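Structure data (compact mmCIF, C-alpha atoms and all ligand atoms) from structure03.txt:
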```txt
# COMPACT_ATOMS: atom_id res chain seq x y z
CA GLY A 1 97.34 238.72 134.16
CA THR A 2 94.13 237.42 135.71
CA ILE A 3 94.11 234.97 138.53
CA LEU A 4 90.97 233.44 140.04
CA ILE A 5 90.82 232.76 143.75
CA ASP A 6 88.21 230.29 145.00
CA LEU A 7 86.22 231.44 147.98
CA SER A 8 85.27 228.98 150.65
CA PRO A 9 81.54 228.64 151.36
CA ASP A 10 82.54 229.30 154.99
CA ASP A 11 83.94 232.72 154.02
CA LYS A 12 81.67 235.70 154.81
CA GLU A 13 82.48 237.06 151.37
CA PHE A 14 81.14 233.90 149.65
CA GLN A 15 78.04 234.08 151.79
CA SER A 16 77.28 237.77 151.09
CA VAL A 17 77.75 237.32 147.30
CA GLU A 18 75.50 234.22 147.32
CA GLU A 19 72.82 236.09 149.28
CA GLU A 20 72.85 238.90 146.70
CA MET A 21 72.49 236.31 143.90
CA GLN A 22 69.63 234.46 145.57
CA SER A 23 67.75 237.39 147.04
CA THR A 24 67.52 239.28 143.72
CA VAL A 25 65.82 236.50 141.75
CA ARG A 26 62.40 237.56 140.42
CA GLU A 27 59.77 236.31 138.02
CA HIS A 28 60.13 237.61 134.42
CA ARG A 29 57.41 238.71 132.03
CA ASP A 30 58.50 236.12 129.52
CA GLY A 31 57.39 233.25 131.82
CA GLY A 32 60.98 231.98 131.77
CA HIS A 33 61.45 231.93 128.03
CA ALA A 34 64.91 233.57 127.96
CA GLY A 35 66.40 232.52 131.29
CA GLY A 36 64.53 229.44 132.40
CA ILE A 37 61.98 228.61 135.06
CA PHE A 38 63.39 228.87 138.60
CA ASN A 39 63.05 230.57 141.97
CA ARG A 40 66.60 229.99 143.18
CA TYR A 41 70.08 228.82 142.24
CA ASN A 42 72.51 226.07 143.16
CA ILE A 43 75.76 228.02 143.58
CA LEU A 44 78.64 225.76 142.62
CA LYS A 45 81.62 228.17 142.91
CA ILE A 46 82.44 231.84 143.61
CA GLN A 47 85.81 233.07 142.45
CA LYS A 48 87.43 236.41 143.14
CA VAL A 49 88.79 237.94 139.92
CA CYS A 50 92.24 239.45 140.49
CA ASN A 51 93.90 241.52 137.81
CA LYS A 52 96.14 244.45 138.68
CA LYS A 53 96.04 246.11 135.26
CA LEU A 54 92.26 245.93 135.02
CA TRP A 55 91.80 247.07 138.61
CA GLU A 56 94.02 250.07 138.07
CA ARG A 57 92.17 250.89 134.82
CA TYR A 58 88.94 250.83 136.86
CA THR A 59 90.21 252.95 139.79
CA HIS A 60 91.72 255.53 137.41
CA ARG A 61 88.39 256.05 135.66
CA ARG A 62 86.54 255.99 139.02
CA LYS A 63 88.66 258.93 140.24
CA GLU A 64 87.95 260.86 137.03
CA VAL A 65 84.20 260.38 137.49
CA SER A 66 84.33 261.11 141.22
CA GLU A 67 86.12 264.39 140.55
CA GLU A 68 83.42 265.38 137.97
CA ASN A 69 80.64 264.58 140.53
CA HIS A 70 81.48 266.22 143.88
CA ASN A 71 83.77 263.37 144.96
CA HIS A 72 81.05 260.75 144.48
CA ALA A 73 81.70 257.79 142.16
CA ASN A 74 78.19 256.41 142.86
CA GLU A 75 79.65 252.91 142.91
CA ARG A 76 77.35 249.89 142.82
CA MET A 77 77.72 246.08 142.80
CA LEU A 78 75.69 244.74 139.90
CA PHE A 79 75.31 241.59 137.84
CA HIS A 80 76.40 241.02 134.27
CA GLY A 81 75.52 237.97 132.13
CA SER A 82 77.05 237.23 128.74
CA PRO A 83 78.46 234.37 126.70
CA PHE A 84 81.76 236.27 126.83
CA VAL A 85 82.38 236.29 130.59
CA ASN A 86 85.66 234.38 129.96
CA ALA A 87 86.96 237.22 127.74
CA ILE A 88 85.78 239.82 130.20
CA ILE A 89 87.63 238.43 133.17
CA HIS A 90 90.89 238.23 131.16
CA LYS A 91 90.75 241.41 129.08
CA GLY A 92 88.18 243.63 130.80
CA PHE A 93 84.99 245.25 129.58
CA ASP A 94 85.16 247.07 126.24
CA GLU A 95 83.08 248.01 123.14
CA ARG A 96 82.80 244.34 122.11
CA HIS A 97 80.62 243.75 125.18
CA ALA A 98 78.17 246.51 124.26
CA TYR A 99 74.58 245.58 123.57
CA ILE A 100 74.01 247.40 120.27
CA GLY A 101 70.26 246.75 120.36
CA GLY A 102 69.65 247.65 124.00
CA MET A 103 66.76 249.90 125.14
CA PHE A 104 69.27 252.58 126.18
CA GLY A 105 71.55 252.39 123.18
CA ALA A 106 74.88 250.72 122.55
CA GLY A 107 76.40 250.39 126.03
CA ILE A 108 77.34 247.77 128.55
CA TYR A 109 74.35 246.66 130.57
CA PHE A 110 74.15 245.61 134.24
CA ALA A 111 71.29 244.48 136.47
CA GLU A 112 70.24 244.59 140.11
CA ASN A 113 68.25 241.39 139.54
CA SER A 114 70.58 238.45 139.09
CA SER A 115 67.75 236.73 137.22
CA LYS A 116 67.78 239.55 134.62
CA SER A 117 71.51 238.92 133.95
CA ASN A 118 70.75 235.18 133.82
CA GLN A 119 68.53 235.83 130.77
CA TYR A 120 71.71 236.82 128.87
CA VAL A 121 74.18 234.01 129.84
CA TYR A 122 73.41 232.08 126.60
CA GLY A 123 72.98 235.18 124.44
CA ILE A 124 70.39 237.89 123.70
CA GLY A 125 67.01 236.53 124.74
CA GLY A 126 68.77 233.35 125.92
CA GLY A 127 70.05 232.53 122.41
CA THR A 128 69.39 228.88 121.74
CA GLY A 129 70.01 227.92 125.36
CA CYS A 130 72.83 225.78 126.70
CA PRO A 131 75.32 224.51 124.11
CA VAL A 132 74.86 220.85 125.10
CA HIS A 133 71.07 220.41 125.28
CA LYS A 134 69.88 223.62 123.45
CA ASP A 135 67.66 224.34 126.45
CA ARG A 136 67.24 227.92 127.79
CA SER A 137 65.82 226.31 130.97
CA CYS A 138 68.61 223.71 131.35
CA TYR A 139 68.90 222.54 134.95
CA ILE A 140 72.05 220.45 134.28
CA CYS A 141 74.52 222.75 132.54
CA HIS A 142 76.75 225.13 134.50
CA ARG A 143 76.16 228.80 133.98
CA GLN A 144 78.32 231.77 134.87
CA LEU A 145 77.53 235.39 135.85
CA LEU A 146 79.74 238.27 136.88
CA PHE A 147 79.10 240.32 140.03
CA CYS A 148 80.77 243.60 139.18
CA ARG A 149 81.88 246.86 140.72
CA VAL A 150 80.35 249.60 138.58
CA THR A 151 80.90 253.36 138.61
CA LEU A 152 77.69 255.18 137.70
CA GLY A 153 78.68 258.76 138.46
CA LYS A 154 75.87 261.11 137.51
CA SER A 155 73.29 258.82 136.01
CA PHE A 156 70.60 259.80 133.54
CA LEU A 157 67.20 258.57 134.78
CA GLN A 158 65.08 256.91 132.12
CA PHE A 159 61.59 255.92 133.23
CA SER A 160 61.05 252.82 131.18
CA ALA A 161 58.24 250.47 130.20
CA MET A 162 59.98 247.29 131.39
CA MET B 1 79.88 252.15 121.60
CA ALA B 2 77.48 255.12 122.07
CA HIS B 3 78.14 258.05 124.38
CA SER B 4 76.65 258.83 127.75
CA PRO B 5 74.02 261.54 127.66
CA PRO B 6 75.80 264.92 127.89
CA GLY B 7 76.61 265.83 131.52
CA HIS B 8 76.11 262.19 132.67
CA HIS B 9 78.34 259.11 133.22
CA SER B 10 75.71 256.39 132.88
CA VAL B 11 72.02 255.70 132.31
CA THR B 12 69.57 254.15 134.81
CA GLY B 13 66.65 252.24 133.40
CA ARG B 14 63.96 252.59 136.04
CA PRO B 15 61.19 250.10 135.81
CA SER B 16 57.82 251.77 135.21
CA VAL B 17 55.16 249.03 134.47
CA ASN B 18 56.56 246.08 136.52
CA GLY B 19 56.33 246.91 140.16
CA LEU B 20 58.62 244.05 141.23
CA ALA B 21 61.55 244.64 138.83
CA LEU B 22 64.78 246.25 139.98
CA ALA B 23 66.76 248.77 138.00
CA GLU B 24 69.15 248.14 135.12
CA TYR B 25 72.14 250.36 134.32
CA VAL B 26 74.23 251.20 131.27
CA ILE B 27 77.76 252.51 131.05
CA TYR B 28 79.48 253.61 127.85
CA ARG B 29 83.13 253.20 128.93
CA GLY B 30 84.47 249.72 129.71
CA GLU B 31 86.78 251.21 132.35
CA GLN B 32 83.76 252.04 134.49
CA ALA B 33 83.29 248.41 135.63
CA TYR B 34 85.50 245.77 137.20
CA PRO B 35 84.43 242.10 137.10
CA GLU B 36 85.03 241.29 140.72
CA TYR B 37 83.33 237.90 141.18
CA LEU B 38 82.81 235.01 138.81
CA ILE B 39 79.85 232.95 139.98
CA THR B 40 79.27 229.44 138.65
CA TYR B 41 75.80 228.08 139.20
CA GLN B 42 72.83 226.09 138.05
CA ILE B 43 69.23 227.22 138.02
CA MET B 44 67.01 224.97 140.21
CA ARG B 45 63.78 223.33 139.04
CA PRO B 46 60.92 224.49 141.31
CA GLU B 47 59.50 221.61 143.45
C1 LIG C 1 73.74 241.99 126.39
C2 LIG C 1 73.97 241.15 127.67
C3 LIG C 1 73.24 241.74 128.92
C4 LIG C 1 72.14 242.63 128.85
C5 LIG C 1 71.54 243.08 130.03
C6 LIG C 1 70.47 243.97 129.93
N1 LIG C 1 70.01 244.32 128.70
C7 LIG C 1 69.88 244.49 131.12
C8 LIG C 1 70.43 244.09 132.36
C9 LIG C 1 71.51 243.19 132.45
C10 LIG C 1 72.07 242.70 131.30
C11 LIG C 1 73.13 241.80 131.37
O1 LIG C 1 73.61 241.39 132.43
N2 LIG C 1 73.70 241.36 130.20
ZN ZN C 2 72.25 221.84 129.14
```

Represent the structure of the file as structure tokens.
Amino acid sequence: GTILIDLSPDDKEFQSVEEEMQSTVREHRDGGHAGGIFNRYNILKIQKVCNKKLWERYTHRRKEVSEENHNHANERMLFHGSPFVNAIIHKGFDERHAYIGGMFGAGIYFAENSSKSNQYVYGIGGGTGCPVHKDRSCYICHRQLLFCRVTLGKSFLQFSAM
Amino acid sequence: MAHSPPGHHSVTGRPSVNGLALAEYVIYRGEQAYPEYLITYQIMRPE
């Protein structure tokens, strides 16, 4: 039930999503090992993901959380990178998208830094890089990230050596 | 999938060491996120 609507680069929505992508790039402690060496992106396309079933699933859970947290969903817009972004946009997030080995246990991970999510587009630690050239720093191959609406509710604060 | 810490709906991983890093977040229910934008891009080689 998913349809993808292309945004025009002239559309304020395209522009605000691009600015969040570009402005949240940082340098990584791996020197670019996982995600590649870059300071910025070439955005090729931004599509709005439209799925009624999945949206309703989200808003139902958001109301549950909000009601458990003084009417505050604590909703954020965050990035998610994965080799399985095509499954996610069609079938939603679920336990198959959980990072079993993550620092905070087997959950679904999101980032403020788009460049953190970029480290996961080709797999954990960048996998073996792009399928075509086997290059984690490929400048040719098209990559995809999700920019996601995420309900945090009451969030457990972990101070972390990152 | 694991569970949220009791009395919580998510976890926030706050960077200690790296002063320039932003936060990361973990949810334990797939229904707590909606994939709103699909962004297709290349990384750019620094000049
Ligand atoms: C397992 C794919 C993944 C992991 C991840 C993480 N561990 C921290 C912040 C963001 C991400 C992400 O986007 N994808
Ligand atoms: Zn490539």

Work out how far apart atom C9 of ligand LIG 1 (chain C) and atom CA of residue B:24 are and give it in Å to one decimal.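 One can read the atom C9 of ligand LIG 1 (chain C) to atom CA of residue B:24 distance as 6.1 Å.
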
What does the list of residues within 9 Å of ligand ZN 2 (chain C) look like if you count only C-alpha atoms and all ligand atoms, written as a PyMOL selection string? chain A and resi 129-142

Up to 7 Å from chain B, what residues of chain A turn up? Count all atoms listed in the file and give them as a ChimeraX atom specification. /A:37-49,55,57-58,61-62,89,93-95,98,105-113,139-162

Proximity of chain A to ligand LIG 1 (chain C): per-residue shortest pair, 6 Å limit, all atoms listed in the file, as CSV:
```
residue,atom,partner,partner_atom,distance
A:79,CA,C:LIG1,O1,5.7
A:80,CA,C:LIG1,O1,3.4
A:81,CA,C:LIG1,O1,3.9
A:82,CA,C:LIG1,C2,5.1
A:99,CA,C:LIG1,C1,4.6
A:102,CA,C:LIG1,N1,5.8
A:109,CA,C:LIG1,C5,4.6
A:110,CA,C:LIG1,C9,4.0
A:111,CA,C:LIG1,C8,4.2
A:116,CA,C:LIG1,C9,5.6
A:117,CA,C:LIG1,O1,3.6
A:120,CA,C:LIG1,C2,5.0
A:124,CA,C:LIG1,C1,5.9
```

Find the distance between atom CA of residue A:67 and atom CA of residue A:88 and write it in Å to one decimal. 26.7 Å
